[PDB]
Amino acid sequence: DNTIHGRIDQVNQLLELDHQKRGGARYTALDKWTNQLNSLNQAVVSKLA
Amino acid sequence: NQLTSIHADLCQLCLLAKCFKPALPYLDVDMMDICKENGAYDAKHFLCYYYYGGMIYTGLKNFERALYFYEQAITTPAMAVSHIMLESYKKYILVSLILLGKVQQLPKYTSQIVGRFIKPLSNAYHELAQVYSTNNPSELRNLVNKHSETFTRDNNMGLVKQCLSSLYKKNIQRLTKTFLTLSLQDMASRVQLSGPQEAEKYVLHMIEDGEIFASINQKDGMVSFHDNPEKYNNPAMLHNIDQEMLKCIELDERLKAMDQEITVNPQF
Amino acid sequence: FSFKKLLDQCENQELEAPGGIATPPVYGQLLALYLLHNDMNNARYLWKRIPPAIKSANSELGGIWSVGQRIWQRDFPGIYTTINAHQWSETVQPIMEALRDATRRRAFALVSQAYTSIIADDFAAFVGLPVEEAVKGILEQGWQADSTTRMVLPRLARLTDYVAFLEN
Amino acid sequence: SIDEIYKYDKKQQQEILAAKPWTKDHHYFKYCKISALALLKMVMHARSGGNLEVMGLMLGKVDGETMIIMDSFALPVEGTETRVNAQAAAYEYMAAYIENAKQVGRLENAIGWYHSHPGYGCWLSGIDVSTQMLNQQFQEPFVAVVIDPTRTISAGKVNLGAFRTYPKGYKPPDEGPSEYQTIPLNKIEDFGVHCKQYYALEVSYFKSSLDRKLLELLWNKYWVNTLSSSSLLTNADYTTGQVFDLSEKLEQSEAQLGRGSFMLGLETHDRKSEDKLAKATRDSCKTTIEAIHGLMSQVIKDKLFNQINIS
Amino acid sequence: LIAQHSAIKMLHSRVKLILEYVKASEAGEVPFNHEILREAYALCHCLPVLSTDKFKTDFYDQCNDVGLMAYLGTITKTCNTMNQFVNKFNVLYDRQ
Amino acid sequence: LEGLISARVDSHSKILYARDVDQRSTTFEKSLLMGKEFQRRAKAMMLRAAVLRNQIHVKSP
Amino acid sequence: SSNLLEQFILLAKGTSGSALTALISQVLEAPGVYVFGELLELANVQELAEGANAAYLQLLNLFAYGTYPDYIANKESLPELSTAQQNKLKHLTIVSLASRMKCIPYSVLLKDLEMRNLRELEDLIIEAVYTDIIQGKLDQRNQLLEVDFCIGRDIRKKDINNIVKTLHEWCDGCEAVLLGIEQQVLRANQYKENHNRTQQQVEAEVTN
């Protein structure tokens, strides 16, 4: 339901709660940017003859 | 370095009398524009230089340059069939079966001839690629004896053998993705190596190659996978990205001189 | 260092000097030089270029190719026995000296990455010296040996060019 | 000259106002000279807003293709990035100020308005262009000015552009590029359409004896803090935002070039979405230049201080 | 870069007045002192401003991001001239 | 492999662990790889443009 | 301190001998003192040296040029210290270690100060930081002290050459940095100049 944030370690009886966040927002925007450049190069070079 | 027909013939001499080493600085350089003014050149020379240059690089086990060399022998414009075009295609399927898990893409500026004529011409190879996608070596093995006479007459024997070892490498490497720790006995049954001793032998070959990051536990009779060459915060990675930028800035500069050249020419 | 130059002068020499089949010592050094780089494909291809005439004429050459058949299998203990099998004075020895030390390093290096744990008897084959000599060495380097079971555990200038480029 | 510039001439304005050349061409002007006073007052007032927008007025004159900005004064008015013609509320305060100003001996007519865009660059928005376009009819002469008071502290360079916009249904020329100071995620679009509608004018100055120097000497001590801008964290939000939007543009480009603009014996003419890659490359430059500029603030520290160690 | 330049030039001038003072108190012309020398001594010692293991990776992490950012921009620029080259070529040497 | 569950089995003692994905490792590797193939296609294009401009294609005569 | 120093010099200069002997024991006890330059340089203290009160300057010396390990070493020859005098020297050892390394690990601090544990040690650095004579923070993760700031006491007039060398290294590299930036700005400019040149040059010929 996501009213508790994290996951469980049942072989030690712990909650590995999540506060393991950092940024992420920069890193995912660079991935979206990075995937369009592959499709764009493929598209442009393929127009030649 | 401008590319012309003496380049093809250099590779031919090396191919017959093995001593691939002198030819390599010519090959390892990529270029734009052929040597012209007064003839002395045609599309067959272009195709044969790249066919052979692929042949040599696969041999060195430089699968990266081979793939690229092989591709240039397919992308060439043609409206007629030739013996080099069949061979170039067939060698391409075998190489892409090593590098990739199925055949690697071809652009849409490929010649018409490679689709229309060459594909029913290369049926056997399409069946190699199909069996490889099932991911079962026993079947791939049986197919190679069925298809054998073709392999010999076309003389891309021995390469066809590599595609079989590369499936076993793929089959080991997919397990890495899935498992942290797996047994050698377990690896051996599933991969169909059929001997844990060989499981240990196969990863150890790959450790030296650097296709795998792993460690062997012979107390437990396990393999432990690592997988951590880069954390991406190394200055080593910064320098590598910085080196890659210098390449791009020069590549763009070639394009500027060539775009400008068309700007001087009057448009149609 | 010295060896790299020695391949360069020899590589030149193969094409330039003969009528197409060069003399037996030149081929031997060259073959031996390819094994030090561990460029085994070109080595193998070297032997396949070699006619039956040189194989009868020269047996030393055929020993150098035998180490190399094993390097292809990558079976260590086998490598060592072949190093001892043949010697040819002057013409093979300085490069041979290097071959023996290049495979031992390759072997220690290989093991250090390859195994988080290894049997001491298998390790003895890799370095190629017996159990007493090996267990004595590992301790100094700082690798752990377990005894009883006998197992061994290995252990601005760029930026301005780029800004200048994007602004233009 | 140096003293000829300081005196104001009522007659030169009376001739100019009758003549009215601007009706012919609104791209007419080309240079600016702004007083040392005008500039310092404009930065301080802008800075007093904080990261919140403020407007002020400028008194000046024109002489040929030069605009001259003699003095400036602040207004306590709210409506910079919302209210179209916010200045109206200000009118009563302006009428006071000009009357007070004439009697001490400053007779120079209003040349234009200044406002500021804090933390998003020097450019005119949808509110700003719409308010300028009324002013170029009614108010003349009237010029827009923009300054950023936070960005400026890092770079050390005064970003001040005095601009004027073109009236409706006027075809722009090929006058594209200008200074690259990044915009936020939703403001990117707004710049994109409006930029060709206006141009910036080049600026000159002059100097003498009470304000400049407290600052000049203070910088001699002060210099350390500008090199600890350290932008990459301060405005971290900018990179993620522009880069996710730049991705949406590349999707637009894949389709635009891919299918092609539908045309039947008609060829594209000036548009702000004409030749998508050619536009797009520049958007990559405004985001890249700021990023490496961030790296250069870091690089200086690392070489200057950290390499000294203890010998 | 102008601010950055001038900033170095201020540090050149700051080093210079402290340095000539310390020498002057040894040499003669200024007398010996404790209060000012103890402080100048202390000023030298602080350098370099961090060396910890903790700083190094976070410093590189930001440098590495701005290294990718720059790489993805130089490709976009190159793509543009490639699309322009390919457009002009097809019209002239082919029929497009 | 086929699905999205980023997890690894420790089949030694039978515990299902515990793969943390890293948004950084996947973007950086991709950007570098993507950069190699972009350059290679550009080189491939120069070679395509080179035979077209000086007008050779494969012919049976 | 500030105020207390201005009183003590005058008082030292005022009297001789038997009172001066007394004054040394008082300066070291008196709080807020983490300097011991000025009193040593006066002529008045100097008379007691080479006699039966020489040991008081010899200790004062040991505080001034030296530290807690230099003290213990000749604990027999020099007269006693009280808790305030010892605690002041112990803080004054940290400044010295800080002169060599910016970050100093616990095992170094621990040895030199001869302290019973980490927590007693960590209490002394917090007390210093409140008086603000040293500024710095504890890292219990890497087991270091990472100092923000520290101030002398340290006359050390033989060793002073080191300070001049570092000041000098700080100098020479500056110019090496300026010729640096000057180069880049001209290189940026050189690129834009050529780029403008080539485009304008190419465009003209289209007209023919």
# chains A, B, ... in the order shown; residues from 1 in each chain; ligands from 1
>>> interface_residues(of="chain A", to="chain E", cutoff="10 Å", atoms="only C-alpha atoms", output="PDB file with N, CA, C and O atoms, in the first residue's frame")
ATOM      1  N   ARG A  26      18.373  13.649 -11.178  1.00  0.00           N
ATOM      2  CA  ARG A  26      19.307  14.030 -12.232  1.00  0.00           C
ATOM      3  C   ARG A  26      19.569  12.840 -13.142  1.00  0.00           C
ATOM      4  O   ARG A  26      19.571  12.919 -14.356  1.00  0.00           O
ATOM      5  N   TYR A  27      19.817  11.709 -12.493  1.00  0.00           N
ATOM      6  CA  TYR A  27      20.286  10.423 -13.107  1.00  0.00           C
ATOM      7  C   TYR A  27      19.283   9.831 -14.011  1.00  0.00           C
ATOM      8  O   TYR A  27      19.736   9.369 -15.064  1.00  0.00           O
ATOM      9  N   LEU A  30      18.937  12.266 -17.205  1.00  0.00           N
ATOM     10  CA  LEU A  30      20.014  11.913 -18.139  1.00  0.00           C
ATOM     11  C   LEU A  30      19.725  10.591 -18.881  1.00  0.00           C
ATOM     12  O   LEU A  30      20.078  10.562 -20.054  1.00  0.00           O
ATOM     13  N   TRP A  33      17.295  11.402 -21.697  1.00  0.00           N
ATOM     14  CA  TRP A  33      17.988  12.189 -22.677  1.00  0.00           C
ATOM     15  C   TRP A  33      18.870  11.268 -23.593  1.00  0.00           C
ATOM     16  O   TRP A  33      18.700  11.278 -24.782  1.00  0.00           O
ATOM     17  N   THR A  34      19.654  10.314 -22.888  1.00  0.00           N
ATOM     18  CA  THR A  34      20.514   9.347 -23.420  1.00  0.00           C
ATOM     19  C   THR A  34      19.710   8.382 -24.368  1.00  0.00           C
ATOM     20  O   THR A  34      20.109   8.165 -25.505  1.00  0.00           O
ATOM     21  N   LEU A  37      18.865  10.227 -27.869  1.00  0.00           N
ATOM     22  CA  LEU A  37      20.005  10.374 -28.725  1.00  0.00           C
ATOM     23  C   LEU A  37      20.344   9.177 -29.502  1.00  0.00           C
ATOM     24  O   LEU A  37      20.885   9.334 -30.594  1.00  0.00           O
ATOM     25  N   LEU A  40      17.555   9.195 -32.366  1.00  0.00           N
ATOM     26  CA  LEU A  40      17.912  10.349 -33.194  1.00  0.00           C
ATOM     27  C   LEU A  40      19.067  10.120 -34.039  1.00  0.00           C
ATOM     28  O   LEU A  40      19.055  10.548 -35.186  1.00  0.00           O
ATOM     29  N   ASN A  41      20.166   9.440 -33.549  1.00  0.00           N
ATOM     30  CA  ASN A  41      21.281   9.221 -34.468  1.00  0.00           C
ATOM     31  C   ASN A  41      20.877   8.244 -35.543  1.00  0.00           C
ATOM     32  O   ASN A  41      21.149   8.457 -36.716  1.00  0.00           O
ATOM     33  N   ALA A  43      17.874   7.671 -36.658  1.00  0.00           N
ATOM     34  CA  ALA A  43      17.029   8.290 -37.600  1.00  0.00           C
ATOM     35  C   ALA A  43      17.815   9.110 -38.635  1.00  0.00           C
ATOM     36  O   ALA A  43      17.661   8.877 -39.812  1.00  0.00           O
ATOM     37  N   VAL A  44      18.770  10.072 -38.197  1.00  0.00           N
ATOM     38  CA  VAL A  44      19.434  10.998 -39.106  1.00  0.00           C
ATOM     39  C   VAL A  44      20.310  10.329 -40.104  1.00  0.00           C
ATOM     40  O   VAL A  44      20.228  10.621 -41.303  1.00  0.00           O
ATOM     41  N   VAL A  45      21.147   9.339 -39.571  1.00  0.00           N
ATOM     42  CA  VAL A  45      22.084   8.652 -40.479  1.00  0.00           C
ATOM     43  C   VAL A  45      21.306   7.812 -41.512  1.00  0.00           C
ATOM     44  O   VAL A  45      21.821   7.408 -42.536  1.00  0.00           O
ATOM     45  N   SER A  46      20.076   7.426 -41.208  1.00  0.00           N
ATOM     46  CA  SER A  46      19.328   6.549 -42.110  1.00  0.00           C
ATOM     47  C   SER A  46      18.668   7.250 -43.281  1.00  0.00           C
ATOM     48  O   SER A  46      18.309   6.618 -44.257  1.00  0.00           O
ATOM     49  N   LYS A  47      18.565   8.609 -43.200  1.00  0.00           N
ATOM     50  CA  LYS A  47      18.070   9.475 -44.258  1.00  0.00           C
ATOM     51  C   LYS A  47      18.930   9.578 -45.470  1.00  0.00           C
ATOM     52  O   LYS A  47      18.430   9.861 -46.584  1.00  0.00           O
ATOM     53  N   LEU A  48      20.280   9.339 -45.324  1.00  0.00           N
ATOM     54  CA  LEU A  48      21.204   9.344 -46.427  1.00  0.00           C
ATOM     55  C   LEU A  48      21.056   8.325 -47.517  1.00  0.00           C
ATOM     56  O   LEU A  48      21.428   7.185 -47.288  1.00  0.00           O
ATOM     57  N   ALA A  49      20.576   8.657 -48.745  1.00  0.00           N
ATOM     58  CA  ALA A  49      20.339   7.676 -49.788  1.00  0.00           C
ATOM     59  C   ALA A  49      19.392   6.499 -49.402  1.00  0.00           C
ATOM     60  O   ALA A  49      19.866   5.318 -49.044  1.00  0.00           O
TER      61      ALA A  49
END
>>> residues_around(residues="segment 142-158 of chain D", least_positions_apart="5", cutoff="8 Å", atoms="only C-alpha atoms", output="VMD selection string")
(chain D and resid 43 46 to 47 110 to 124 132 135 to 136 163 to 164 226 to 227 229) or (chain E and resid 1 to 3)
>>> write_last_selection(atoms="N, CA and C atoms", output="PDB file, in the first residue's frame")
ATOM      1  N   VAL D  43      20.374  47.543  -9.771  1.00  0.00           N
ATOM      2  CA  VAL D  43      20.826  46.280  -9.018  1.00  0.00           C
ATOM      3  C   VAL D  43      20.447  46.122  -7.589  1.00  0.00           C
ATOM      4  N   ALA D  46      16.537  45.706  -7.306  1.00  0.00           N
ATOM      5  CA  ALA D  46      16.309  44.324  -7.733  1.00  0.00           C
ATOM      6  C   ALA D  46      16.679  43.345  -6.672  1.00  0.00           C
ATOM      7  N   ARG D  47      17.859  43.636  -6.000  1.00  0.00           N
ATOM      8  CA  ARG D  47      18.266  42.786  -4.943  1.00  0.00           C
ATOM      9  C   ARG D  47      17.361  42.887  -3.750  1.00  0.00           C
ATOM     10  N   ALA D 110      10.760  60.386 -19.214  1.00  0.00           N
ATOM     11  CA  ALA D 110      10.901  58.954 -18.991  1.00  0.00           C
ATOM     12  C   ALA D 110      11.270  58.228 -20.285  1.00  0.00           C
ATOM     13  N   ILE D 111      12.409  57.501 -20.289  1.00  0.00           N
ATOM     14  CA  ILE D 111      12.929  56.652 -21.322  1.00  0.00           C
ATOM     15  C   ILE D 111      12.372  55.293 -21.268  1.00  0.00           C
ATOM     16  N   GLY D 112      12.005  54.680 -20.087  1.00  0.00           N
ATOM     17  CA  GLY D 112      11.498  53.340 -20.224  1.00  0.00           C
ATOM     18  C   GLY D 112      11.350  52.778 -18.814  1.00  0.00           C
ATOM     19  N   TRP D 113      11.203  51.471 -18.691  1.00  0.00           N
ATOM     20  CA  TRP D 113      11.025  50.701 -17.516  1.00  0.00           C
ATOM     21  C   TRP D 113      12.054  49.652 -17.350  1.00  0.00           C
ATOM     22  N   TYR D 114      12.278  49.236 -16.081  1.00  0.00           N
ATOM     23  CA  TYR D 114      13.194  48.212 -15.756  1.00  0.00           C
ATOM     24  C   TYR D 114      12.445  47.296 -14.816  1.00  0.00           C
ATOM     25  N   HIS D 115      12.775  46.013 -14.923  1.00  0.00           N
ATOM     26  CA  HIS D 115      12.206  45.098 -13.988  1.00  0.00           C
ATOM     27  C   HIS D 115      13.290  44.125 -13.784  1.00  0.00           C
ATOM     28  N   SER D 116      13.073  42.989 -13.066  1.00  0.00           N
ATOM     29  CA  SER D 116      14.060  41.974 -12.946  1.00  0.00           C
ATOM     30  C   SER D 116      13.580  40.562 -12.838  1.00  0.00           C
ATOM     31  N   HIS D 117      14.411  39.599 -13.354  1.00  0.00           N
ATOM     32  CA  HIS D 117      13.937  38.186 -13.377  1.00  0.00           C
ATOM     33  C   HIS D 117      15.007  37.485 -12.497  1.00  0.00           C
ATOM     34  N   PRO D 118      14.713  37.162 -11.231  1.00  0.00           N
ATOM     35  CA  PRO D 118      15.715  36.676 -10.312  1.00  0.00           C
ATOM     36  C   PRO D 118      15.788  35.170 -10.280  1.00  0.00           C
ATOM     37  N   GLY D 119      16.891  34.604 -10.805  1.00  0.00           N
ATOM     38  CA  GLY D 119      17.211  33.206 -10.677  1.00  0.00           C
ATOM     39  C   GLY D 119      16.684  32.448 -11.916  1.00  0.00           C
ATOM     40  N   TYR D 120      16.339  33.168 -12.977  1.00  0.00           N
ATOM     41  CA  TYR D 120      15.961  32.547 -14.193  1.00  0.00           C
ATOM     42  C   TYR D 120      16.468  33.271 -15.429  1.00  0.00           C
ATOM     43  N   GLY D 121      17.275  34.352 -15.323  1.00  0.00           N
ATOM     44  CA  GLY D 121      17.953  34.861 -16.522  1.00  0.00           C
ATOM     45  C   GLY D 121      17.364  36.152 -16.944  1.00  0.00           C
ATOM     46  N   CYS D 122      17.949  36.664 -17.972  1.00  0.00           N
ATOM     47  CA  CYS D 122      17.622  38.030 -18.499  1.00  0.00           C
ATOM     48  C   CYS D 122      16.999  37.905 -19.872  1.00  0.00           C
ATOM     49  N   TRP D 123      15.689  38.030 -19.861  1.00  0.00           N
ATOM     50  CA  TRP D 123      14.841  37.710 -20.988  1.00  0.00           C
ATOM     51  C   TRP D 123      13.425  38.313 -20.637  1.00  0.00           C
ATOM     52  N   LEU D 124      12.576  38.548 -21.616  1.00  0.00           N
ATOM     53  CA  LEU D 124      11.204  39.046 -21.349  1.00  0.00           C
ATOM     54  C   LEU D 124      10.245  37.888 -21.496  1.00  0.00           C
ATOM     55  N   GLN D 132       5.160  45.838 -22.729  1.00  0.00           N
ATOM     56  CA  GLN D 132       6.071  46.661 -23.568  1.00  0.00           C
ATOM     57  C   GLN D 132       5.357  47.087 -24.859  1.00  0.00           C
ATOM     58  N   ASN D 135       3.284  50.162 -24.400  1.00  0.00           N
ATOM     59  CA  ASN D 135       4.193  51.223 -24.088  1.00  0.00           C
ATOM     60  C   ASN D 135       4.847  51.798 -25.324  1.00  0.00           C
ATOM     61  N   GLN D 136       5.210  50.983 -26.323  1.00  0.00           N
ATOM     62  CA  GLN D 136       5.785  51.437 -27.576  1.00  0.00           C
ATOM     63  C   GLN D 136       4.744  52.100 -28.365  1.00  0.00           C
ATOM     64  N   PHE D 163      16.242  46.163 -24.095  1.00  0.00           N
ATOM     65  CA  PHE D 163      15.669  45.583 -25.247  1.00  0.00           C
ATOM     66  C   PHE D 163      14.545  46.430 -25.682  1.00  0.00           C
ATOM     67  N   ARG D 164      14.129  46.100 -26.924  1.00  0.00           N
ATOM     68  CA  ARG D 164      12.821  46.503 -27.442  1.00  0.00           C
ATOM     69  C   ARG D 164      12.395  45.445 -28.306  1.00  0.00           C
ATOM     70  N   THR D 226      32.792  34.665  -3.726  1.00  0.00           N
ATOM     71  CA  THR D 226      32.364  34.432  -5.094  1.00  0.00           C
ATOM     72  C   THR D 226      32.868  33.165  -5.682  1.00  0.00           C
ATOM     73  N   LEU D 227      34.068  32.698  -5.236  1.00  0.00           N
ATOM     74  CA  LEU D 227      34.527  31.395  -5.702  1.00  0.00           C
ATOM     75  C   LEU D 227      33.933  30.145  -5.015  1.00  0.00           C
ATOM     76  N   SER D 229      30.662  29.703  -4.871  1.00  0.00           N
ATOM     77  CA  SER D 229      29.278  29.758  -5.388  1.00  0.00           C
ATOM     78  C   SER D 229      28.744  28.384  -5.289  1.00  0.00           C
TER      79      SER D 229
ATOM     80  N   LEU E   1      34.775  33.855 -16.369  1.00  0.00           N
ATOM     81  CA  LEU E   1      36.081  33.679 -15.661  1.00  0.00           C
ATOM     82  C   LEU E   1      36.675  34.944 -15.074  1.00  0.00           C
ATOM     83  N   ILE E   2      36.182  36.203 -15.444  1.00  0.00           N
ATOM     84  CA  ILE E   2      36.849  37.391 -15.064  1.00  0.00           C
ATOM     85  C   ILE E   2      37.008  37.529 -13.515  1.00  0.00           C
ATOM     86  N   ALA E   3      35.930  37.186 -12.768  1.00  0.00           N
ATOM     87  CA  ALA E   3      35.886  37.225 -11.306  1.00  0.00           C
ATOM     88  C   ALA E   3      36.865  36.296 -10.642  1.00  0.00           C
TER      89      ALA E   3
END
>>> closest_atom_pairs(of="chain B", to="chain E", cutoff="12 Å", atoms="only C-alpha atoms", output="tab-separated table")
residue	atom	partner	partner_atom	distance
B:231	CA	E:61	CA	9.8
B:232	CA	E:64	CA	7.3
B:233	CA	E:61	CA	5.0
B:234	CA	E:60	CA	6.8
B:235	CA	E:60	CA	6.7
B:236	CA	E:64	CA	10.0
B:237	CA	E:64	CA	7.7
B:238	CA	E:64	CA	5.8
B:239	CA	E:67	CA	8.9
B:240	CA	E:67	CA	9.7
B:241	CA	E:67	CA	6.5
B:242	CA	E:67	CA	7.0
B:243	CA	E:71	CA	10.1
B:244	CA	E:71	CA	8.0
B:245	CA	E:71	CA	6.0
B:246	CA	E:74	CA	9.7
B:247	CA	E:74	CA	10.3
B:248	CA	E:75	CA	7.0
B:249	CA	E:74	CA	7.2
B:250	CA	E:78	CA	9.9
B:251	CA	E:78	CA	7.9
B:252	CA	E:78	CA	5.3
B:253	CA	E:78	CA	8.9
B:254	CA	E:82	CA	10.2
B:255	CA	E:82	CA	6.8
B:256	CA	E:81	CA	6.9
B:257	CA	E:85	CA	9.8
B:258	CA	E:85	CA	7.3
B:259	CA	E:85	CA	4.8
B:260	CA	E:85	CA	8.5
B:261	CA	E:85	CA	9.6
B:262	CA	E:89	CA	6.7
B:263	CA	E:88	CA	7.9
B:264	CA	E:88	CA	11.1
B:265	CA	E:92	CA	8.5
B:266	CA	E:92	CA	8.1
B:267	CA	E:92	CA	5.8
B:268	CA	E:92	CA	5.4
>>> interface_residues(of="chain D", to="chain G", cutoff="9 Å", atoms="only C-alpha atoms", output="ChimeraX atom specification")
/D:300,303-305,308-311
>>> select_by_dssp(residues="segment 15-251 of chain B", states="alpha helix (DSSP H)", output="PyMOL selection string")
chain B and resi 15-16+24-28+43-60+63-75+83-99+112-116+118-121+123-134+137-146+148-154+159-178+184-191+196-209+235-251
>>> atom_distance(atom1="atom CA of residue 108 of chain B", atom2="atom CA of residue 284 of chain D")
27.9 Å
>>> atom_distance(atom1="atom CA of residue 35 of chain D", atom2="atom CA of residue 57 of chain D")
13.7 Å
>>> interface_residues(of="chain D", to="chain C", cutoff="9 Å", atoms="only C-alpha atoms", output="PyMOL selection string")
chain D and resi 281-282+284-286+288-289+292-293+295-296+299-300
>>> write_last_selection(atoms="C-alpha atoms", output="PDB file, in the first residue's frame")
ATOM      1  CA  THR D 281      21.479  22.280 -30.360  1.00  0.00           C
ATOM      2  CA  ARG D 282      21.376  25.789 -28.714  1.00  0.00           C
ATOM      3  CA  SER D 284      21.753  21.928 -25.216  1.00  0.00           C
ATOM      4  CA  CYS D 285      24.409  24.762 -25.165  1.00  0.00           C
ATOM      5  CA  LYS D 286      22.510  27.096 -22.529  1.00  0.00           C
ATOM      6  CA  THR D 288      25.844  22.623 -20.908  1.00  0.00           C
ATOM      7  CA  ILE D 289      27.571  26.082 -20.507  1.00  0.00           C
ATOM      8  CA  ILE D 292      30.723  23.396 -16.921  1.00  0.00           C
ATOM      9  CA  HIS D 293      30.648  26.893 -15.507  1.00  0.00           C
ATOM     10  CA  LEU D 295      32.753  22.797 -12.861  1.00  0.00           C
ATOM     11  CA  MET D 296      35.085  25.754 -13.374  1.00  0.00           C
ATOM     12  CA  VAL D 299      38.326  23.487 -10.515  1.00  0.00           C
ATOM     13  CA  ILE D 300      39.768  26.809  -9.332  1.00  0.00           C
TER      14      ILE D 300
END
>>> residues_around(residues="segment 149-156 of chain B", least_positions_apart="3", cutoff="9 Å", atoms="only C-alpha atoms", output="list in words")
residues 87, 90, 91, 94, 124, 144, 145, 146, 159 and 160 of chain B
>>> closest_residue(among="D:48, D:165, D:239, D:66", to="chain A", atoms="only C-alpha atoms")
D:239
>>> residues_around(residues="residue 21 of chain B", least_positions_apart="2", cutoff="12 Å", atoms="only C-alpha atoms", output="MDAnalysis selection string")
(chainID B and resid 10:11 13:15 17:19 23:28 56:57 59:60) or (chainID C and resid 7:8 10:12 14:15 34 39 41:43 45:46)
>>> atom_distance(atom1="atom CA of residue 36 of chain C", atom2="atom CA of residue 98 of chain C")
7.0 Å
>>> closest_atom_pairs(of="chain B", to="chain A", cutoff="10 Å", atoms="only C-alpha atoms", output="Markdown table")
| residue | atom | partner | partner_atom | distance |
| --- | --- | --- | --- | --- |
| B:77 | CA | A:49 | CA | 9.4 |
| B:107 | CA | A:46 | CA | 6.3 |
| B:108 | CA | A:46 | CA | 5.6 |
| B:109 | CA | A:46 | CA | 5.9 |
| B:110 | CA | A:46 | CA | 9.2 |
| B:111 | CA | A:49 | CA | 9.9 |
>>> write_last_selection(atoms="N, CA and C atoms", output="PDB file, in the first residue's frame")
ATOM      1  N   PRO B  77      26.482   0.495 -51.748  1.00  0.00           N
ATOM      2  CA  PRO B  77      25.452   0.404 -52.736  1.00  0.00           C
ATOM      3  C   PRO B  77      25.887  -0.588 -53.866  1.00  0.00           C
ATOM      4  N   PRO B 107      21.307  -0.778 -40.946  1.00  0.00           N
ATOM      5  CA  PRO B 107      20.533   0.432 -41.317  1.00  0.00           C
ATOM      6  C   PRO B 107      19.686   0.255 -42.573  1.00  0.00           C
ATOM      7  N   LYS B 108      18.904   1.319 -42.724  1.00  0.00           N
ATOM      8  CA  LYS B 108      17.975   1.410 -43.791  1.00  0.00           C
ATOM      9  C   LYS B 108      18.621   2.016 -44.966  1.00  0.00           C
ATOM     10  N   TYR B 109      19.995   2.217 -44.960  1.00  0.00           N
ATOM     11  CA  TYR B 109      20.659   2.583 -46.237  1.00  0.00           C
ATOM     12  C   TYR B 109      21.357   1.402 -46.793  1.00  0.00           C
ATOM     13  N   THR B 110      20.981   0.152 -46.318  1.00  0.00           N
ATOM     14  CA  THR B 110      21.543  -1.006 -46.896  1.00  0.00           C
ATOM     15  C   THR B 110      21.005  -1.219 -48.272  1.00  0.00           C
ATOM     16  N   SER B 111      21.864  -1.916 -49.066  1.00  0.00           N
ATOM     17  CA  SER B 111      21.536  -2.141 -50.487  1.00  0.00           C
ATOM     18  C   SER B 111      20.267  -3.055 -50.693  1.00  0.00           C
TER      19      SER B 111
END
>>> closest_residue(among="B:183, B:127, B:95, B:103", to="residue 14 of chain F", atoms="only C-alpha atoms")
B:183
>>> interface_residues(of="chain B", to="chain F", cutoff="6 Å", atoms="only C-alpha atoms", output="number ranges by chain")
B: 32-33, 42-43, 77-78, 80, 178-182
>>> interface_residues(of="chain C", to="chain B", cutoff="6 Å", atoms="only C-alpha atoms", output="number ranges by chain")
C: 45, 49, 114-118
>>> interface_residues(of="chain G", to="chain B", cutoff="8 Å", atoms="only C-alpha atoms", output="PyMOL selection string")
chain G and resi 202+205-206
>>> write_last_selection(atoms="C-alpha atoms", output="CSV table (one decimal), in the first residue's frame")
chain,number,residue,atom,x,y,z
G,202,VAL,CA,32.2,30.8,-47.3
G,205,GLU,CA,31.0,32.8,-53.0
G,206,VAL,CA,27.4,31.4,-53.1
